[PDB]
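In structure tokens, the next block holds one chain alone, the form deposited in one PDB entry.
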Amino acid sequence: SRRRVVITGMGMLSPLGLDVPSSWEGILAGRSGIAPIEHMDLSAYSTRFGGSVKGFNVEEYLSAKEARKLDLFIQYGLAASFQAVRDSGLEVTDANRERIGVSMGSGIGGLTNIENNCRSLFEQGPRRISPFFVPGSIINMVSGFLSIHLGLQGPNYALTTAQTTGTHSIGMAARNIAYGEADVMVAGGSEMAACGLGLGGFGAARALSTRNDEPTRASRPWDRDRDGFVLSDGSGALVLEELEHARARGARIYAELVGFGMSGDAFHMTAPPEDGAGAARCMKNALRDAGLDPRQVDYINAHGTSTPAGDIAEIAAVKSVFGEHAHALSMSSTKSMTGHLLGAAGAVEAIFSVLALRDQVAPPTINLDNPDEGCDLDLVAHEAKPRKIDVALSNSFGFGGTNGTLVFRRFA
């Protein structure tokens, strides 16, 4: 048997806001967080825009001196994590610290730090490399620094599954609790890949929208004029908690995490199969994990990256899994507004999926002006749709054909 897992705390940095409620307010108003990237010369680049975190003050969380030791992706992960733990009301004690762990991931990790240290290395040789280069750049330092700051002695790890990281982090954290290896986990992801290497790297793959004249219209999942994803920064963190532990201290419970699916496409390094066979297996795995019939799903927060092949693969996958119910559920891509936070995408979209359940509203797919061939599902074009949502799925599909699906249900 298995213990039940609930969500008692959430935290976020996104292109829409410096916390969950500001981010969610933008989501429900169909606001874009996409803009030309500032304080960085992108003249030589084919993409000049993305989703930046605007006005982040790390000194709300850390001393300037401790913040100087950490890449921006670690700062963003710690910000989301501290928010989530504060939002949970959890009190860490000598009696429970061994039962409280962390799994905060990243898809690409410390590119900005690597970039700045390469500069030192190439210009001035190796002796000018920061002593904090390694610990301040490696992906497991959000889990590390959080555990040290809060005295958490539970399972301490980090996932890195590219664009699936945040979904895998939350799912495997839920497993740790379900199987009695922890009572509480802080889980999610963070990303800051808006440097030359990130914009240049995805740019060299021709993976990015180049709609420089209209950045807010660039991310247009399932629209016939989409031309690739929009690179975005930020972080999401959830406090996952065993139900009886949450009830005992009188925690406010947002929702229950009832299912987690994983699958590998085993198809291509960067492209999904056109029929979405991998995403279909993964969703079926998640629904079997939750003991739910496909008919019980009301809302899907799609991966919905605004790539030609990715968006059409997800329609095919949903039709395959849900058959005569595929049109009854609502499915939207919040990436139409946030852009693609890569390893944090699954973390912020899990939060949006939980809030869709709290507020009984499907977030919109903005910019869906002309649905493409076969994109005839309820994709919540343009504006939020209030509706009954008992069960919400959040899907992530990443490089290496790695898939994750989370199943949340209303808790009462």
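Only the largest set of C-alpha atoms that superpose within 1.5 Å between the two forms is called the rigid core. Heads up: residue numbers just count along the shown sequence, starting at 1.
RMS Cα deviation from the shown model in 9 other deposited structures of this protein, rigid core fit, is larger for 35 to 43 than for the other stretch of the pair 342 to 350 / 35 to 43. For the pair 308 to 316 and 99 to 107, the mean Cα B-factor is higher in 308 to 316. Stretches 287 to 295 and 186 to 194 differ in mean C-alpha B factor, with the higher average recorded for 287 to 295. Within the listed group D71, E123, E256, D233, the record reports its top CA B-factor for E123. Note on the listed residues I139, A162, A271, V239: the highest Cα temperature factor in the record is that of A271. Remark: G50 belongs to the lowest third of its chain, ranked by C-alpha B-factor as recorded.
Sorting the modelled residues of the chain by their CA temperature factor places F82 in the lowest third.
The deposited CA B-factor of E373 belongs to the highest third of values across its chain.
Ranked by Cα temperature factor within the chain, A326 sits in the highest third according to the deposited record. Annotation for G343: CA B-factor lies in the lowest third of the chain's modelled residues.
Unshown form solved in complex with a small molecule; subsequent notes refer to it.
Contact check for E314: a heavy atom falls within 4.5 Å of the small molecule in the deposited complex.
Contact check for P272: a non-hydrogen atom falls within 4.5 Å of the small molecule in the deposited complex. In the deposited complex, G398 approaches the small molecule with a heavy atom inside 4.5 Å. At the 4.5 Å threshold, heavy atoms of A279 reach the small molecule in the deposited complex.
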